[PDB]
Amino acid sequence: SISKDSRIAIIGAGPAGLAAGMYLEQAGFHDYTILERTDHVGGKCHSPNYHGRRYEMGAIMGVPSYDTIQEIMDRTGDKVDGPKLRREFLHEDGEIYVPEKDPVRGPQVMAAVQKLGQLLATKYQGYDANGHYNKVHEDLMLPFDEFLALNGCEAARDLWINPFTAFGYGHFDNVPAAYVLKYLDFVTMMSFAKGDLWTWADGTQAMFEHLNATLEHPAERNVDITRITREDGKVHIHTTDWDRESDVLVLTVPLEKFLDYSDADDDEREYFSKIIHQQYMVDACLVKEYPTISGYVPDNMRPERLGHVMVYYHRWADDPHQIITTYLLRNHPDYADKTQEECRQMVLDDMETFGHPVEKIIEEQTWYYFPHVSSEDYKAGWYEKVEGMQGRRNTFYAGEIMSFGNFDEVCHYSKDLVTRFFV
């Protein structure tokens, strides 16, 4: 256990760092400081303003089982109050189809879903635990498609792909099942399939800005950390404006990047070097022939269509001059990765093909997205190692790499970090 008097440095004012501060504070750890590199809080919950309304450059949605986020809202006073999500499906040629009504493929898919639900309820019990420290079944360490194939459930990929590949998380040929099924566990998949999805009028960012404000120590912003060292049982942080000592270090920032400004030991260097991530690019667009509904494009979710628009978000139905965001991936382990420029051109051409041509791109962002490890590295015990290192030289590891790249998962992980190590 850790002394309540400890000076605790939390790096990153995204959901993970903000949650860490919240749950530390509610456990009686009052001497924490959150250090944020940018001038803003919420990280990839990022909801900029346009014509009196906030649009989403990052996270958009939750589901009713996001219990930790509910706890945050309980604290902040925020309410789930955004516009209803609705979707149609488009082929890569822009034609509308209704796959749930396909009388051959539909049943095959839902039968596979049924079958997978029972394997999850019986054989793979534990799969849905937050984090990876409870070692998942070995089958879950395989790429999702391989995991499905082993169990005869390939068809279920049709349901699972839409809120996964399109949402930036990569491709089932390579992404381990462990990640997929921690995010899209059975209740979560059911909620999404049904459209029972939380959104916020003021943006996902708002409740995090509000959480920060409720904190006893709101985040320090514009903190440029040049160096962290950990001699003599302490943590020393060097920034461009000061350098100070803490007792405990909580990392919610990318761990491979941490290597470059830290006295990283051999294990840290070895293991964090294996972290891979996604290049998920979002374009905030003004369009003609305004869509009446969000569009998903499964055809463009295939690795062979890397860089094409996989989904676009219809957020403000009443105003045809409001922002439509588009979503595409720029990388895949087995395909040549795509440039920003050539992908920008695909946004334009695909949106035209869909009959919603772009008048203007007002904002573009390639995000550092979904840090994870390969199936091989997962099977080789990556998480047993790294979780084994928790508390080493008073350093604790958290954020997306330790759980999943979603704001409930990381917040939940931070909450549990306090329980596991601090209380």
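Between two forms, the rigid core is the largest collection of C-alphas that superpose within 1.5 Å. Residue numbers here begin at 1 and follow the sequence given.
Trainee: Name the stretch, 331-339 or 249-257, whose C-alpha atoms sit farther from the shown form on average in 5 other deposited structures of this protein, taking the rigid core as the superposition reference.
Mentor: After the core superposition, the stretch with higher RMS deviation in 5 other deposited structures of this protein is 331-339.
Trainee: Find the stretch among 97-105 and 168-176 with the larger RMS C-alpha deviation in 5 other deposited structures of this protein, all structures being superposed on the shown form by the rigid core.
Mentor: Result of the core-fitted comparison in 5 other deposited structures of this protein: 97-105 deviates more.
Trainee: Got a sec? Mean C-alpha B-factor, which is higher, 86-94 or 331-339?
Mentor: It is 331-339.
Trainee: Going by the B-factors listed in the PDB entry, is the mean over the C-alpha atoms higher for 28-36 or for 51-59?
Mentor: Averaged over C-alpha atoms, the B-factors run higher in 28-36.
Trainee: Would you mind checking which of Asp81, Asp283, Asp232, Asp319 has the top Cα temperature factor in the PDB entry?
Mentor: If I rank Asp81, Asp283, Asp232, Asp319 by C-alpha B-factor, first place goes to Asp232.
Trainee: Going by the entry, which of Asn212, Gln205, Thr325, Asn134 has the most elevated CA B factor?
Mentor: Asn134 has the highest C-alpha B-factor of those listed.
Trainee: Taking only the Cα B-factors deposited for this chain, tell me whether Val358 sits in the lowest, middle or highest third.
Mentor: For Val358, whose C-alpha B-factor we compare with every modelled residue in the chain, the answer is the middle third.
Trainee: If you rank the chain by CA B-factor, which third does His314 end up in: lowest, middle or highest?
Mentor: Lowest third, going by the recorded CA B-factors of the chain.
Trainee: Please place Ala177 in the lowest, middle or highest third of its chain according to the CA B-factor in the PDB entry.
Mentor: It falls in the middle third of the chain.
Trainee: Could you say whether, by C-alpha temperature factor, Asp267 belongs to the lowest, middle or highest third of its chain?
Mentor: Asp267: CA B-factor falls in the highest third of its chain.
Trainee: Against its chain's modelled residues, does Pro218's Cα B factor rank lowest, middle or highest third?
Mentor: Its C-alpha B-factor, which the entry lists for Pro218, ranks in the middle third among residues of this chain.
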